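Just so it is clear, A, B, C, D and E label the chains in written order, and each chain counts residues from 1 on its own.
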Amino acid sequence: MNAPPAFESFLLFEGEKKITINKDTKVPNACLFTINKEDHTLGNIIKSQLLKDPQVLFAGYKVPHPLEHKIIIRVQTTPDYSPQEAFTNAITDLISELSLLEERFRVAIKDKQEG
Amino acid sequence: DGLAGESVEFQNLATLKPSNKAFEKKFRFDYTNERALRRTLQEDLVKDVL
Amino acid sequence: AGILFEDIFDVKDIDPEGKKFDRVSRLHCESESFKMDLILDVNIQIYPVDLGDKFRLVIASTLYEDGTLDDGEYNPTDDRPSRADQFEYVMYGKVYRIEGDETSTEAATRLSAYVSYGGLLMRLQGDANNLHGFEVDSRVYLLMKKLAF
Amino acid sequence: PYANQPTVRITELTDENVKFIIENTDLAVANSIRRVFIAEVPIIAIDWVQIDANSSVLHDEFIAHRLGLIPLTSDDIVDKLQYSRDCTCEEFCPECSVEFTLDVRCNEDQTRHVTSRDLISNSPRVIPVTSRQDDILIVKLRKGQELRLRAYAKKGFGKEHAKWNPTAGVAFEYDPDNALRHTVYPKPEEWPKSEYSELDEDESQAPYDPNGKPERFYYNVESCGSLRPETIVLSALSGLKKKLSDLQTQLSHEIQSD
Amino acid sequence: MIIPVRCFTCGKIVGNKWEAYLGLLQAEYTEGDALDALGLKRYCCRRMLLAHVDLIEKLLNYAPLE
């Protein structure tokens, strides 16, 4: 009777923020990015892209509870490199790589048809 | 005894079932061999215990 | 300096009670000058070793030449000189037991340093003269390099 | 401190499935692209059934359940229509939905086979998979029974329900020879060789490789019939790009607000 | 009772194949060849034509009128 619907996994609720930044107090230059209504699709690629950057000292996400739709990403970089710009660069260059992959796949398909 | 059953742990009794010879050489603290005292205690205690 | 020990070894026997695990094995090595035993456990998978090979094992308390006694933490972003640049296999552990042939009157002549690198053990058994730099509850490194000879 | 330049090579292009290879990319990107292939792919499907007279033997909900699983071709319609939740009108508008109708009544003596062909759609291009192989049997009617109803179709993705799952099964596989030791075979000789394995028949598995990253990820996206496989790949990549862009915009707004 | 529309595990449409499966078994073909003649490679989708019971016929035997 109380099974949740299907739209509460991706659709935002009124008042609920898509992303929230929270600075950590245990170590300097460390913030936990909390993402709402998402899953491993949008966190694993960002985790790996952050891992590629050498200036990022720490990078990793988790799922507080599988039924609940939220992921926390913790990022810790060098003191001369804020984690906000690290996250922004990771997202931007991941977008660029995905677009390039799209373009290459499309040209490969169009060449494969009768060619 | 008057103790709760939660804060009790299994232990062993060192002075139970020795041999008479070993019990003497483990709980007597021989105060004659000054070399052992220098090895174990410091110089400012061997003279005091002697 | 911080060189707690330095000497050439050579391997004479590998897992003599039979290989138990699949990535670690016993290295019953021997010295060449100080004549001391060695029961080092290396990752045979990533760093294969065969019998007869010689290596320069150097137990050092720190990886820096100036010896600044690092606190202990992973900081890849570091441009300072590191002694590991001339070693193909470096590990980090903490010695936990220093057994020796002590008696009630005369001091020990042979000690035995037991160090555990987070699971990989080593017994550097030998005389009690060159093991003065080993104290219980202290961080140490390995810093070995196989010799081409 | 930047990403990589992946390469693509199609090995088999057909109208039912595509086998392509992605090289020089991270495992996480590959797995995410797979999961987007399965879950987050826009596609049209039946999601609102109005039953007026159902005299069949099956349940009233059974008809709707079966109708929900009937694929609908959306090669150039899914990109145009908008999600019904974000619509700015009332009732299922044709601009954001597609109407269907089914009116079959077994009059003759022989039993009827109500198939997907009976779904008369208002739009020409939004039809069940019957263009160019028999049709999806809905129910069987007998003399005296009938089934009249009309349904509307909307856009959705597999994350909401399995009706919007275009791909049948994605055969994701990387590193056919067990070179990275990501799996340890107790007896390698007892296992068969992967389809894409380049090693000879003598050696069982490739030797260990310490400094080696996973590359050359293989794909076998298999379309159910609604969307074309390459169309599925393009739509999934475009959706992932849109999600990344929205996340970047939200992060930028959050940073400026602070 | 009736053939499903899609395979539970995979998702491939199998609803439009029960009649064809019966016909191919009818002519001369046997099951082991009929299944791959229809185009079912994965073993997960092959249970839909082997394990399925066709109980809709008995239900249709109870015709309401005439």
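Everything that follows uses one rule, which is that contacts are C-beta pairs under 8 Å (C-beta built on N, C-alpha and C of every residue); 3 or more make two chains touch, one makes a residue touch a chain.
The UniProt protein names, listed by chain, are A = RNA polymerase II subunit J; C = DNA-directed RNA polymerases I, II, and III subunit RPABC3; D = DNA-directed RNA polymerase II subunit RPB3; E = DNA-directed RNA polymerases I, II, and III subunit RPABC5.
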Target chain D, source chain A, minimum contact steps: 1
Farthest chain (mean CA position) relative to chain B: E
Chain nearest the global centroid, as defined over all protein CA atoms shown: A
Of D-E and B-C, whichever chain pair has more C-beta contact pairs: D-E
Averaged-CA centre spacing for the pair chain C and chain B, given as whole angstrom: 36
Euclidean distance of C-alpha centroids - chain C vs chain E, Å: 68
Centre distance in Å when chain B and chain E are each reduced to the mean of their C-alpha atoms: 85
Centroid distance [mean C-alpha coordinates] between chain E and chain A, Å: 44
Interface hub residues of chain B, defined as touching at least two other chains: none
Shared interface positions of chain A, touching two or more other chains: 54-55
Residue ranges of chain A in contact with chain D within the complex: 6-7, 9-11, 17-21, 33, 35, 40-42, 44-45, 47-49, 52-55, 84, 87-89, 91-102, 104-106, 108-109, 112-113
Residues of chain E touching chain D in the complex: 1-7, 10-13, 15-20, 42, 56, 59-60, 62-66
Interfacial residue positions of chain C with respect to chain B in the complex: 104-107
Footprint of chain C on chain A - complex, ascending: 54-55, 57, 78
Residues of chain C touching chain A in the complex: 75-77
